$ cat data-v8.pdb   # PDB, C-alpha atoms (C1' of nucleotides) and all ligand atoms
ATOM      1  CA  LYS Y  47      90.135  87.849  78.668
ATOM      2  CA  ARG Y  48      91.093  89.090  82.115
ATOM      3  CA  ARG Y  49      91.643  86.466  84.805
ATOM      4  CA  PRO Y  50      88.277  85.246  86.252
ATOM      5  CA  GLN Y  51      87.525  86.051  89.894
ATOM      6  CA  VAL Y  52      87.963  83.511  92.742
ATOM      7  CA  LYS Y  53      85.047  82.961  95.144
ATOM      8  CA  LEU Y  54      83.708  80.919  98.021
ATOM      9  CA  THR Y  55      81.538  78.079  96.729
ATOM     10  CA  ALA Y  56      79.706  75.026  98.044
ATOM     11  CA  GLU Y  57      82.351  72.730  96.531
ATOM     12  CA  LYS Y  58      84.909  74.099  99.003
ATOM     13  CA  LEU Y  59      82.494  73.568 101.901
ATOM     14  CA  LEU Y  60      81.693  69.990 100.848
ATOM     15  CA  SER Y  61      85.385  69.196 100.279
ATOM     16  CA  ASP Y  62      87.163  67.089 102.893
ATOM     17  CA  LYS Y  63      89.107  70.229 103.841
ATOM     18  CA  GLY Y  64      85.730  71.904 104.472
ATOM     19  CA  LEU Y  65      82.760  71.422 106.828
ATOM     20  CA  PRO Y  66      83.452  67.745 107.772
ATOM     21  CA  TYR Y  67      86.543  68.961 109.645
ATOM     22  CA  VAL Y  68      84.351  71.018 111.989
ATOM     23  CA  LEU Y  69      82.060  68.094 112.774
ATOM     24  CA  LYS Y  70      85.119  65.835 113.193
ATOM     25  CA  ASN Y  71      86.766  68.155 115.765
ATOM     26  CA  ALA Y  72      84.301  70.633 117.325
ATOM     27  CA  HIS Y  73      83.367  68.332 120.229
ATOM     28  CA  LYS Y  74      87.078  68.291 121.156
ATOM     29  CA  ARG Y  75      87.864  71.935 120.336
ATOM     30  CA  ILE Y  76      85.463  74.117 122.337
ATOM     31  CA  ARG Y  77      84.991  73.894 126.112
ATOM     32  CA  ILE Y  78      82.729  76.084 128.255
ATOM     33  CA  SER Y  79      83.133  76.538 131.997
ATOM     34  CA  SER Y  80      80.890  78.027 134.651
ATOM     35  CA  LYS Y  81      84.286  78.741 136.289
ATOM     36  CA  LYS Y  82      84.869  81.599 133.785
ATOM     37  CA  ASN Y  83      82.816  84.635 132.837
ATOM     38  CA  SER Y  84      80.216  84.927 130.097
ATOM     39  CA  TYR Y  85      82.574  87.205 128.181
ATOM     40  CA  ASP Y  86      85.357  84.648 128.700
ATOM     41  CA  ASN Y  87      83.425  81.635 127.409
ATOM     42  CA  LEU Y  88      81.742  83.682 124.686
ATOM     43  CA  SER Y  89      85.110  84.791 123.391
ATOM     44  CA  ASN Y  90      86.334  81.219 123.439
ATOM     45  CA  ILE Y  91      83.654  79.879 121.048
ATOM     46  CA  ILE Y  92      84.668  82.217 118.233
ATOM     47  CA  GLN Y  93      88.381  81.227 118.205
ATOM     48  CA  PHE Y  94      87.990  77.903 116.426
ATOM     49  CA  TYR Y  95      85.464  79.228 113.926
ATOM     50  CA  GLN Y  96      87.771  82.122 113.058
ATOM     51  CA  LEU Y  97      90.885  80.010 112.497
ATOM     52  CA  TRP Y  98      88.850  77.501 110.480
ATOM     53  CA  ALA Y  99      87.380  80.295 108.341
ATOM     54  CA  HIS Y 100      90.861  81.613 107.605
ATOM     55  CA  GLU Y 101      92.186  78.157 106.708
ATOM     56  CA  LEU Y 102      89.212  77.575 104.404
ATOM     57  CA  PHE Y 103      89.155  80.783 102.353
ATOM     58  CA  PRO Y 104      91.480  83.721 103.322
ATOM     59  CA  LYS Y 105      89.916  86.400 100.994
ATOM     60  CA  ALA Y 106      87.839  88.382 103.379
ATOM     61  CA  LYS Y 107      86.916  89.742 106.772
ATOM     62  CA  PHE Y 108      85.312  87.257 109.186
ATOM     63  CA  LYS Y 109      81.873  88.886 109.137
ATOM     64  CA  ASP Y 110      81.917  88.798 105.359
ATOM     65  CA  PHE Y 111      82.663  85.066 105.543
ATOM     66  CA  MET Y 112      79.520  84.454 107.640
ATOM     67  CA  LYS Y 113      77.287  86.673 105.570
ATOM     68  CA  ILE Y 114      78.590  85.185 102.324
ATOM     69  CA  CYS Y 115      77.811  81.730 103.710
ATOM     70  CA  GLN Y 116      74.138  82.687 104.167
ATOM     71  CA  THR Y 117      73.444  83.040 100.432
ATOM     72  CA  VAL Y 118      74.863  79.726  99.200
ATOM     73  CA  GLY Y 119      73.544  78.058 102.355
ATOM     74  CA  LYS Y 120      69.971  79.047 101.553
ATOM     75  CA  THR Y 121      70.144  78.519  97.769
ATOM     76  CA  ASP Y 122      72.247  75.472  96.766
ATOM     77  CA  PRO Y 123      70.229  72.191  96.765
ATOM     78  CA  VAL Y 124      73.277  69.895  97.100
ATOM     79  CA  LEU Y 125      74.392  71.656 100.289
ATOM     80  CA  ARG Y 126      70.850  71.357 101.662
ATOM     81  CA  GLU Y 127      70.876  67.641 100.786
ATOM     82  CA  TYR Y 128      74.052  67.268 102.851
ATOM     83  CA  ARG Y 129      72.463  69.146 105.766
ATOM     84  CA  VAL Y 130      69.259  67.071 105.841
ATOM     85  CA  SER Y 131      71.591  64.063 105.676
ATOM     86  CA  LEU Y 132      73.214  65.212 108.947
ATOM     87  CA  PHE Y 133      69.905  65.563 110.708
ATOM     88  CA  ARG Y 134      68.760  62.195 109.340
ATOM     89  CA  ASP Y 135      71.921  60.686 110.847
ATOM     90  CA  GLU Y 136      70.664  61.941 114.183
ATOM     91  CA  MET Y 137      67.203  60.574 113.315
ATOM     92  CA  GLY Y 138      68.980  57.235 112.783
TER      93      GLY Y 138
ATOM     94  CA  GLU P 190     115.533  77.357  92.781
ATOM     95  CA  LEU P 191     113.945  77.950  96.189
ATOM     96  CA  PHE P 192     116.400  80.678  97.338
ATOM     97  CA  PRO P 193     119.648  82.171  95.915
ATOM     98  CA  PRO P 194     122.731  80.090  96.881
ATOM     99  CA  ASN P 195     124.594  83.233  97.996
ATOM    100  CA  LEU P 196     122.371  83.303 101.117
ATOM    101  CA  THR P 197     124.134  80.243 102.661
ATOM    102  CA  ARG P 198     127.803  80.748 101.655
ATOM    103  CA  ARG P 199     129.463  81.059 105.075
ATOM    104  CA  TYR P 200     132.927  81.761 103.537
ATOM    105  CA  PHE P 201     134.988  84.166 101.380
ATOM    106  CA  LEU P 202     137.437  83.293  98.554
ATOM    107  CA  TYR P 203     140.579  85.067  97.238
ATOM    108  CA  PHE P 204     143.403  84.371  94.733
ATOM    109  CA  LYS P 205     147.126  84.834  95.583
ATOM    110  CA  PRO P 206     149.400  85.769  92.605
ATOM    111  CA  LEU P 207     152.259  83.742  91.119
ATOM    112  CA  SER P 208     155.630  83.787  92.857
ATOM    113  CA  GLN P 209     157.988  85.875  90.708
ATOM    114  CA  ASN P 210     160.756  83.339  91.418
ATOM    115  CA  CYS P 211     158.565  80.632  89.732
ATOM    116  CA  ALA P 212     157.435  83.116  87.040
ATOM    117  CA  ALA P 219     153.766  86.573  84.318
ATOM    118  CA  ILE P 220     152.252  90.045  84.761
ATOM    119  CA  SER P 221     150.564  89.433  88.151
ATOM    120  CA  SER P 222     154.020  88.776  89.700
ATOM    121  CA  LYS P 223     155.574  92.054  88.390
ATOM    122  CA  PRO P 224     154.616  95.307  90.252
ATOM    123  CA  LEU P 225     153.152  98.271  88.342
ATOM    124  CA  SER P 226     153.267 101.915  89.386
ATOM    125  CA  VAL P 227     149.904 103.720  89.276
ATOM    126  CA  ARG P 228     150.799 105.378  85.913
ATOM    127  CA  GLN P 229     151.355 102.080  84.089
ATOM    128  CA  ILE P 230     147.759 100.891  84.715
ATOM    129  CA  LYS P 231     146.349 101.628  81.236
ATOM    130  CA  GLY P 232     142.835 100.826  79.994
ATOM    131  CA  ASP P 233     144.117  97.508  78.565
ATOM    132  CA  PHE P 234     144.095  95.884  82.032
ATOM    133  CA  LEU P 235     140.328  96.175  82.744
ATOM    134  CA  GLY P 236     139.135  92.730  83.891
ATOM    135  CA  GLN P 237     142.586  91.265  84.651
ATOM    136  CA  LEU P 238     144.352  90.350  87.921
ATOM    137  CA  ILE P 239     147.322  92.676  88.646
ATOM    138  CA  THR P 240     149.735  93.948  91.339
ATOM    139  CA  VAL P 241     150.266  97.625  92.289
ATOM    140  CA  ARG P 242     153.007  99.379  94.317
ATOM    141  CA  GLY P 243     152.458 102.673  96.148
ATOM    142  CA  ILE P 244     151.580 104.606  99.321
ATOM    143  CA  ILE P 245     148.123 104.709 100.927
ATOM    144  CA  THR P 246     146.658 108.225 101.284
ATOM    145  CA  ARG P 247     143.363 107.663 103.182
ATOM    146  CA  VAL P 248     141.148 104.884 104.601
ATOM    147  CA  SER P 249     137.383 104.812 105.321
ATOM    148  CA  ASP P 250     135.721 103.244 108.392
ATOM    149  CA  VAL P 251     133.741 100.013 108.067
ATOM    150  CA  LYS P 252     130.035  99.932 107.175
ATOM    151  CA  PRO P 253     127.673  97.125 106.060
ATOM    152  CA  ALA P 254     126.611  96.401 102.476
ATOM    153  CA  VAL P 255     123.645  94.216 101.463
ATOM    154  CA  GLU P 256     123.966  91.053  99.374
ATOM    155  CA  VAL P 257     120.591  89.300  99.839
ATOM    156  CA  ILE P 258     117.534  91.096 101.269
ATOM    157  CA  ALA P 259     114.633  89.302 103.003
ATOM    158  CA  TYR P 260     110.915  90.227 103.176
ATOM    159  CA  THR P 261     107.702  89.027 104.890
ATOM    160  CA  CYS P 262     104.140  89.046 103.465
ATOM    161  CA  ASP P 263     101.515  89.873 106.107
ATOM    162  CA  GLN P 264      98.287  88.206 104.887
ATOM    163  CA  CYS P 265      99.555  84.869 103.497
ATOM    164  CA  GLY P 266     102.496  84.468 105.947
ATOM    165  CA  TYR P 267     105.151  83.799 103.271
ATOM    166  CA  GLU P 268     108.736  85.004 102.747
ATOM    167  CA  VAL P 269     110.588  86.173  99.607
ATOM    168  CA  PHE P 270     114.188  87.194  98.828
ATOM    169  CA  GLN P 271     115.956  89.708  96.560
ATOM    170  CA  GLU P 272     119.642  89.825  95.531
ATOM    171  CA  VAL P 273     121.562  93.111  95.133
ATOM    172  CA  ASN P 274     124.637  93.661  92.921
ATOM    173  CA  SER P 275     124.463  97.269  91.691
ATOM    174  CA  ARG P 276     125.169 100.341  93.814
ATOM    175  CA  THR P 277     121.380 100.980  94.128
ATOM    176  CA  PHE P 278     118.132  98.977  94.078
ATOM    177  CA  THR P 279     114.299  99.263  94.257
ATOM    178  CA  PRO P 280     112.737  97.309  97.179
ATOM    179  CA  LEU P 281     109.819  94.972  96.463
ATOM    180  CA  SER P 282     106.241  96.007  97.337
ATOM    181  CA  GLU P 283     103.840  93.267  96.049
ATOM    182  CA  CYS P 284     103.595  89.557  96.905
ATOM    183  CA  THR P 285     103.888  87.979  93.428
ATOM    184  CA  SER P 286     103.901  84.376  94.795
ATOM    185  CA  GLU P 287     101.665  82.081  92.718
ATOM    186  CA  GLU P 288      99.802  80.598  95.708
ATOM    187  CA  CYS P 289      99.227  84.074  97.157
ATOM    188  CA  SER P 290      98.047  85.277  93.721
ATOM    189  CA  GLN P 291      95.654  82.333  93.175
ATOM    190  CA  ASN P 292      94.084  83.051  96.572
ATOM    191  CA  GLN P 293      93.703  86.666  95.170
ATOM    192  CA  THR P 294      95.585  87.734  98.323
ATOM    193  CA  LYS P 295      97.084  91.168  97.509
ATOM    194  CA  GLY P 296      99.163  91.236 100.707
ATOM    195  CA  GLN P 297     101.813  93.774 101.766
ATOM    196  CA  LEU P 298     105.582  93.112 101.881
ATOM    197  CA  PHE P 299     107.786  94.338 104.751
ATOM    198  CA  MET P 300     111.604  94.256 105.023
ATOM    199  CA  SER P 301     113.518  92.301 107.710
ATOM    200  CA  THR P 302     117.119  92.641 108.957
ATOM    201  CA  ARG P 303     117.096  89.462 111.068
ATOM    202  CA  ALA P 304     117.255  87.179 107.965
ATOM    203  CA  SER P 305     119.076  89.491 105.510
ATOM    204  CA  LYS P 306     122.728  88.907 104.551
ATOM    205  CA  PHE P 307     125.347  91.664 104.885
ATOM    206  CA  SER P 308     129.099  91.805 104.273
ATOM    207  CA  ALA P 309     131.698  94.196 105.670
ATOM    208  CA  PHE P 310     132.838  96.976 103.309
ATOM    209  CA  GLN P 311     135.690  99.508 103.343
ATOM    210  CA  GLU P 312     137.145 101.908 100.725
ATOM    211  CA  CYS P 313     140.730 103.241 100.439
ATOM    212  CA  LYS P 314     142.968 105.185  98.038
ATOM    213  CA  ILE P 315     146.546 104.480  96.874
ATOM    214  CA  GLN P 316     149.013 106.929  95.307
ATOM    215  CA  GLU P 317     152.366 106.632  93.516
ATOM    216  CA  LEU P 318     155.694 107.078  95.330
ATOM    217  CA  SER P 319     156.991 110.659  95.135
ATOM    218  CA  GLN P 320     160.431 109.509  93.910
ATOM    219  CA  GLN P 321     158.812 107.903  90.800
ATOM    220  CA  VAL P 322     156.848 110.990  89.601
ATOM    221  CA  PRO P 323     158.184 112.293  86.224
ATOM    222  CA  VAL P 324     159.281 115.950  86.154
ATOM    223  CA  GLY P 325     156.554 118.610  85.922
ATOM    224  CA  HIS P 326     153.630 116.181  86.485
ATOM    225  CA  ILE P 327     151.169 115.802  89.404
ATOM    226  CA  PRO P 328     150.893 112.358  91.148
ATOM    227  CA  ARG P 329     148.026 109.991  90.213
ATOM    228  CA  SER P 330     145.950 107.640  92.406
ATOM    229  CA  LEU P 331     143.538 104.650  92.455
ATOM    230  CA  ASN P 332     140.432 103.676  94.455
ATOM    231  CA  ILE P 333     140.646 100.337  96.335
ATOM    232  CA  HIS P 334     137.677  98.289  97.619
ATOM    233  CA  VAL P 335     137.917  95.627 100.361
ATOM    234  CA  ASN P 336     135.337  93.013 101.491
ATOM    235  CA  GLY P 337     135.215  90.068 103.916
ATOM    236  CA  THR P 338     137.974  89.060 106.351
TER     237      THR P 338
ATOM    238  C1'  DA Z   1     114.029 104.865  79.784
ATOM    239  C1'  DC Z   2     112.592 104.375  83.883
ATOM    240  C1'  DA Z   3     109.111 105.047  87.996
ATOM    241  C1'  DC Z   4     105.035 107.568  88.735
ATOM    242  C1'  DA Z   5     100.299 110.255  88.292
ATOM    243  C1'  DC Z   6      96.282 110.298  86.023
ATOM    244  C1'  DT Z   7      92.616 109.033  82.446
ATOM    245  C1'  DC Z   8      89.870 106.018  79.892
ATOM    246  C1'  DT Z   9      87.393 101.827  78.654
ATOM    247  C1'  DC Z  10      85.102  97.185  78.775
ATOM    248  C1'  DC Z  11      83.408  93.389  80.933
ATOM    249  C1'  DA Z  12      81.325  90.516  84.442
ATOM    250  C1'  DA Z  13      79.962  90.393  89.113
ATOM    251  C1'  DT Z  14      76.243  91.605  91.716
ATOM    252  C1'  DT Z  15      71.240  92.546  93.170
ATOM    253  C1'  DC Z  16      66.538  93.391  91.667
ATOM    254  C1'  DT Z  17      62.374  92.062  89.350
ATOM    255  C1'  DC Z  18      58.822  88.845  87.176
ATOM    256  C1'  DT Z  19      56.867  84.312  86.330
ATOM    257  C1'  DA Z  20      55.205  79.753  87.272
ATOM    258  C1'  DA Z  21      55.106  75.251  90.191
TER     259       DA Z  21
ATOM    260  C1'  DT F   1      56.882  79.564  99.390
ATOM    261  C1'  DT F   2      60.867  78.296  96.485
ATOM    262  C1'  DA F   3      63.553  78.984  92.649
ATOM    263  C1'  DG F   4      65.082  80.209  88.111
ATOM    264  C1'  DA F   5      65.157  83.209  84.058
ATOM    265  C1'  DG F   6      66.063  87.970  82.365
ATOM    266  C1'  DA F   7      67.526  93.096  83.019
ATOM    267  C1'  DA F   8      69.986  96.851  85.126
ATOM    268  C1'  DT F   9      73.732  98.906  87.814
ATOM    269  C1'  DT F  10      78.393  99.177  89.369
ATOM    270  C1'  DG F  11      84.081  98.115  90.087
ATOM    271  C1'  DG F  12      87.885  97.909  89.132
ATOM    272  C1'  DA F  13      91.279  95.401  85.921
ATOM    273  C1'  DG F  14      94.134  96.785  83.185
ATOM    274  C1'  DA F  15      95.429  99.173  79.426
ATOM    275  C1'  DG F  16      96.893 103.514  77.877
ATOM    276  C1'  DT F  17      98.845 108.290  77.944
ATOM    277  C1'  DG F  18     101.720 112.038  79.411
ATOM    278  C1'  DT F  19     105.235 113.544  82.374
ATOM    279  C1'  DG F  20     110.204 114.663  85.011
ATOM    280  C1'  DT F  21     115.036 113.468  85.989
ATOM    281  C1'  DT F  22     121.560 114.565  84.786
ATOM    282  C1'  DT F  23     124.481 119.071  86.313
ATOM    283  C1'  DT F  24     130.028 140.465  99.482
ATOM    284  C1'  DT F  25     130.867 139.352 103.378
ATOM    285  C1'  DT F  26     132.166 137.279 108.360
ATOM    286  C1'  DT F  27     135.356 134.368 111.256
ATOM    287  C1'  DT F  28     139.891 131.436 111.937
ATOM    288  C1'  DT F  29     144.268 128.631 110.955
ATOM    289  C1'  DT F  30     148.352 128.735 108.158
ATOM    290  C1'  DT F  31     151.851 129.851 104.555
ATOM    291  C1'  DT F  32     154.132 133.359 101.893
ATOM    292  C1'  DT F  33     156.065 137.985 100.162
ATOM    293  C1'  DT F  34     156.214 142.627 101.594
ATOM    294  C1'  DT F  35     157.985 146.733 104.443
TER     295       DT F  35
HETATM  296 ZN    ZN L 401     101.682  86.955 100.011
END
$ encode --input "data-v8.pdb" --output "structure tokens"
Amino acid sequence: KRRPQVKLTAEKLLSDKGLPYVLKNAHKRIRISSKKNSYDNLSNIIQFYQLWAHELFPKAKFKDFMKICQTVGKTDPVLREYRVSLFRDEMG
Amino acid sequence: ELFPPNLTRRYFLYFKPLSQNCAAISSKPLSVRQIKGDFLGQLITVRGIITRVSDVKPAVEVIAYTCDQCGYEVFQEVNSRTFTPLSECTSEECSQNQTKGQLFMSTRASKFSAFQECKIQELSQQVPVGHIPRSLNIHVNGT
DNA sequence: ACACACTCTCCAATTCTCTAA
DNA sequence: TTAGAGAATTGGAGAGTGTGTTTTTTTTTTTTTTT
């Protein structure tokens, strides 16, 4: 056979390298200010998400990363279990 | 090995022949006619007059490249008079991330050495009657 | 024989559709 | 309304094939024999 293709998958997201890093650091990473423009602060938010997306899975263009995430995010039950777990933690 | 050892040799090395007063062929001078095909590979001594000298130019020994997408560096070693430069990042990590990145050459981390070429010719008072004088090509590197 | 240009082929990745809980 | 089972369409991996390559002045400085 030819070599099988490599893809983004929920296992990467649920890995310790994955989504927990964002929740462990996002409060410290991003910072808005009224003292800078909308365009300024708006640009700032995307920095962290871009660098994190590269570190996670360098295949593809940033937009493609988001739009790929939509499919697995809506379909996989284990990922959804993790997400309802987050919002239960806030219900705790 | 991570990189070729030639890339970090900061020095040059040369042999100096036997003193004839201690003496072996390397101590005994040959005229440019006596250098037969038997001597290929050996260390010898030659006596004559220099006819022309080239000016110095650089020659590559180890070439260095950068991969754009995965931010990784690779090296190539050159021995022959010509070479083909690399154009694909064959690194295993880069390959397993299916990252078909582009390679670009860099001078700032390549290794060069100084090169010069000359020619030597037999003394006119040693040419046998009715013949035309012969000559040899000399190469020089390093200090 | 050694880099190239071009052709051919198979296989699996993908999205679309139907069914039932 | 979600999701999972089956069918159809497309991409490009990669394997294969054929190919190409070595290789009469006219103007100007200098030596030589000729009138
Ligand atoms: Zn690379």
$ residues_around --input "data-v8.pdb" --residues "stretch 16-25 of chain F" --least-positions-apart "5" --cutoff "10 Å" --atoms "all atoms listed in the file" --output "PyMOL selection string"
chain Z and resi 2+4-9
$ residues_near_ligand --input "data-v8.pdb" --ligand "ligand ZN 401 (chain L)" --cutoff "12 Å" --atoms "all atoms listed in the file" --output "MDAnalysis selection string"
(chainID Y and resid 104:105) or (chainID P and resid 260:269 281:299)
$ atom_distance --input "data-v8.pdb" --atom1 "atom CA of residue P:311" --atom2 "atom CA of residue P:195"
20.4 Å
$ residues_around --input "data-v8.pdb" --residues "residue Z:17" --least-positions-apart "5" --cutoff "12 Å" --atoms "all atoms listed in the file" --output "compact mmCIF listing (two decimals) with C-alpha atoms (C1' of nucleotides), in the coordinates of the input"
# COMPACT_ATOMS: atom_id res chain seq x y z
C1' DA F 5 65.16 83.21 84.06
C1' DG F 6 66.06 87.97 82.36
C1' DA F 7 67.53 93.10 83.02
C1' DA F 8 69.99 96.85 85.13
$ resolve_selection --input "data-v8.pdb" --expression "the PyMOL selection byres ((chain Y) within 12 of (chain P))" --output "compact mmCIF listing (two decimals) with C-alpha atoms, in the coordinates of the input"
# COMPACT_ATOMS: atom_id res chain seq x y z
CA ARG Y 49 91.64 86.47 84.80
CA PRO Y 50 88.28 85.25 86.25
CA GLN Y 51 87.52 86.05 89.89
CA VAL Y 52 87.96 83.51 92.74
CA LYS Y 53 85.05 82.96 95.14
CA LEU Y 54 83.71 80.92 98.02
CA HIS Y 100 90.86 81.61 107.60
CA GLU Y 101 92.19 78.16 106.71
CA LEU Y 102 89.21 77.58 104.40
CA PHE Y 103 89.16 80.78 102.35
CA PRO Y 104 91.48 83.72 103.32
CA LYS Y 105 89.92 86.40 100.99
CA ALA Y 106 87.84 88.38 103.38
CA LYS Y 107 86.92 89.74 106.77
$ resolve_selection --input "data-v8.pdb" --expression "the PyMOL selection byres ((chain Z) within 9 of (chain Y))" --output "tab-separated table (two decimals) with C-alpha atoms (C1' of nucleotides), keeping the file's coordinate frame"
chain	number	residue	atom	x	y	z
Z	11	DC	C1'	83.41	93.39	80.93
Z	12	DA	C1'	81.32	90.52	84.44
Z	13	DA	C1'	79.96	90.39	89.11
$ interface_residues --input "data-v8.pdb" --of "chain F" --to "chain Y" --cutoff "9 Å" --atoms "all atoms listed in the file" --output "tab-separated table (two decimals) with C-alpha atoms (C1' of nucleotides), in the frame of the given file"
chain	number	residue	atom	x	y	z
F	3	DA	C1'	63.55	78.98	92.65
F	13	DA	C1'	91.28	95.40	85.92
F	14	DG	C1'	94.13	96.78	83.18
$ atom_distance --input "data-v8.pdb" --atom1 "atom CA of residue P:326" --atom2 "atom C1' of residue F:29"
29.0 Å
$ resolve_selection --input "data-v8.pdb" --expression "the PyMOL selection byres (((chain Y and resi 129) around 12) and not hetatm)" --output "MDAnalysis selection string"
chainID Y and resid 59:60 65:66 69 119:120 122:128 130:136
$ closest_residue --input "data-v8.pdb" --among "P:279, P:225, P:202, P:237" --to "chain Z" --atoms "all atoms listed in the file"
P:279
$ axis_aligned_box --input "data-v8.pdb" --around "stretch 23-28 of chain F" --padding-each-side "4 Å" --output "lines of an AutoDock Vina configuration file"
center_x = 132.2
center_y = 129.8
center_z = 99.1
size_x = 23.4
size_y = 29.4
size_z = 33.6
$ atom_distance --input "data-v8.pdb" --atom1 "atom CA of residue P:301" --atom2 "atom CA of residue P:259"
5.7 Å
$ closest_residue --input "data-v8.pdb" --among "P:332, P:240, P:316, P:249" --to "residue P:204" --atoms "all atoms listed in the file"
P:240
$ build_atoms --input "data-v8.pdb" --residues "stretch 66-78 of chain Y" --atoms "N, CA, C and O atoms" --output "short mmCIF file (atom, residue, chain, number, x, y, z; two decimals), in the coordinates of the input"
data_model
loop_
_atom_site.label_atom_id
_atom_site.label_comp_id
_atom_site.auth_asym_id
_atom_site.auth_seq_id
_atom_site.Cartn_x
_atom_site.Cartn_y
_atom_site.Cartn_z
N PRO Y 66 83.27 68.97 106.96
CA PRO Y 66 83.45 67.74 107.77
C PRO Y 66 84.51 67.89 108.85
O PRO Y 66 84.37 67.26 109.91
N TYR Y 67 85.53 68.71 108.62
CA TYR Y 67 86.54 68.96 109.64
C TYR Y 67 85.92 69.51 110.92
O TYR Y 67 86.33 69.14 112.03
N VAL Y 68 84.94 70.41 110.79
CA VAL Y 68 84.35 71.02 111.99
C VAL Y 68 83.60 69.96 112.78
O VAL Y 68 83.73 69.87 114.01
N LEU Y 69 82.81 69.14 112.09
CA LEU Y 69 82.06 68.09 112.77
C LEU Y 69 82.98 67.00 113.32
O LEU Y 69 82.62 66.32 114.28
N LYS Y 70 84.16 66.83 112.72
CA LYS Y 70 85.12 65.83 113.19
C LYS Y 70 85.88 66.28 114.44
O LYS Y 70 86.47 65.43 115.11
N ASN Y 71 85.87 67.58 114.76
CA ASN Y 71 86.77 68.16 115.76
C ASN Y 71 86.09 69.07 116.78
O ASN Y 71 86.69 69.31 117.84
N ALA Y 72 84.89 69.58 116.50
CA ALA Y 72 84.30 70.63 117.32
C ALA Y 72 84.04 70.16 118.75
O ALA Y 72 84.22 70.93 119.71
N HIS Y 73 83.58 68.92 118.91
CA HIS Y 73 83.37 68.33 120.23
C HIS Y 73 84.63 68.38 121.08
O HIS Y 73 84.55 68.53 122.31
N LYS Y 74 85.80 68.26 120.46
CA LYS Y 74 87.08 68.29 121.16
C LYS Y 74 87.64 69.70 121.28
O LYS Y 74 88.42 69.97 122.20
N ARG Y 75 87.28 70.60 120.37
CA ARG Y 75 87.86 71.94 120.34
C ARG Y 75 87.35 72.84 121.45
O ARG Y 75 88.12 73.30 122.30
N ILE Y 76 86.04 73.10 121.46
CA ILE Y 76 85.46 74.12 122.34
C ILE Y 76 85.21 73.51 123.71
O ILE Y 76 84.93 72.31 123.83
N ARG Y 77 85.32 74.33 124.76
CA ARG Y 77 84.99 73.89 126.11
C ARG Y 77 84.54 75.10 126.93
O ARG Y 77 85.32 76.03 127.15
N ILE Y 78 83.29 75.06 127.38
CA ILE Y 78 82.73 76.08 128.26
C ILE Y 78 83.07 75.74 129.70
O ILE Y 78 83.33 74.58 130.04
#
